[PDB]
C-alpha cells in the first residue's frame, strides 16, 4: 500500500505484463494498473477493487492493511471487471457489507457477479455518505462516461476526486503521482486512452465537467482508477479532456490502407508526397493496417483534420481489415473530419466506392475518391501525387 494523502491509502495493483484489454481491441504497450483506495476516518471505506486476475492478491493485501470486518462501506464507481473483478472474493469474507453504487451499477454488478442478495445502496448525484471527522463522500453520476453504471466519488476536506476511468491512463509505474513519472509517456498514454475509448462519449464530457465545477468543490487531487494520481496541477488533465472533447484535431492527415500486392501502398506513398510538397505545415502519417498497431492508427485519426483510407478490391468487396476498422470507426463517432477513399483494382473493382459510402456513413465529410488499375506506372503515380496536392489545398487551414 501507498499513502495518497492523510488517511487515504492506495491498495491497488500494478500490472507490468498486461498487453491486451477488451479482448485484443486495446493494446497496452506500457502495461496498466488498477487503483483501489481505502479511506480510514471514523468509518472505513473501500473505493473500487481491481482486475479479476488479481483477486487473490487483492484480498490478501487488503488483509495486510486492515481486518476485513473493519471495513464499513464499499463504493463501486463502475462495475467493469478491471475494477469490480475482486468483489466476489471480498464479499465472500464480508457478505453483509453495504455497497454504494448507481442504480445502473446494481444491474451491472449483478450482471457479472450474480449475488443480488448483497446489500446495495443506490446513490444519485449529490447524495452524501458521512465518514466522520468532518469528512464525507459526495457522489456524482456520470452515465456513459463510459458505461451506464459509471460515477465519481468526491471526498470533502481532503478534496480528492475519485474519478474511476475518467482522466486515467494505461501506464504502469511504481511511482503513484503524476509529477513522479516521465511526462511524455504519461501524456501519450492519456491521449491513446481518450482517442480509443472515450471519443464516442465526447458530447457528454463538457456538460459533466461543467456540472462538477459548478459544485464549487476544491480539487487538491484526482485519484483515477488507472495509472497516476494527479496531485501536481491536477486540473491539467481536466483541461486536456475539454480540448479533446471538442471534436479535437491538429493540422495532421493520417493515411491508412491494406494491400495484397502493394499497388494501394504505392498510391498511398504518392499521395503523401503530394501533401508534403504542397502544405509543409501538415504532419502526415501512413499505416498499413495489416502490419501496424491499430490503436496507434486510431489515435492518429483522432488527432487528424482528415484521413485517406485505401483498399484494393478483393472478391468484389473491401479488404477485411479495412471493413473491420470502418465498423470500429463508425462506433467511435469521429466528428468534423474529412476523408477520401482510394485503392487499386484488377477488372471491375467496386471496393473504393463501397468504402467511401461507409466512411460517409461514419460521419466523415467526403472528398473525391482516387482509383487506379493494377500497378500504377509513372503516369498514374503523377495522378496520385496530384490527388495529394489537391487534398492538401482543399483541407488547408487558414494562413
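Positions refer to the first chain, counted from 1.
Problem set entry | Between the two ranges 188-196 and 119-127, the one averaging a larger CA B factor in the entry | So the stretch with the higher mean C-alpha B-factor is 119-127.
For this session: Take the C-alpha B-factors listed in the entry for 217-225 and for 260-268, compute each mean, and give the stretch with the larger one.
Result: Result of the comparison: 217-225.
Exercise. Taking the Cα B-factors listed in the entry, which of 168, 324, 310, 85 comes out highest?
Worked result: That would be 85.
Exercise. Between 146, 285, 78, 291, where does the Cα B-factor run highest in the record?
Worked result: Reading the PDB entry, the winner on C-alpha B-factor is 291.
For this session: Check where residue 396 lands among this chain's C-alpha B-factors and tell me if it's the lowest, middle or highest third.
Result: For residue 396, the deposited C-alpha B-factor lands in the middle third.
Exercise. Once the chain's modelled residues are ordered by C-alpha B factor and cut into thirds, is residue 208 in the lowest, middle or highest one?
Worked result: Middle third of the chain for residue 208's C-alpha B-factor.
Exercise. Is the Cα B-factor recorded for residue 15 in the lowest, middle or highest third of its chain?
Worked result: CA B-factor rank for residue 15: lowest third.
Exercise. Taking the entry's C-alpha B-factors for this chain, is residue 22 in the lowest, middle or highest third?
Worked result: Middle third - that is where residue 22 ends up once the chain's C-alpha B-factors are sorted.
Problem set entry | Chain thirds of CA B-factor: placement of residue 54 | Highest third, going by the recorded CA B-factors of the chain.
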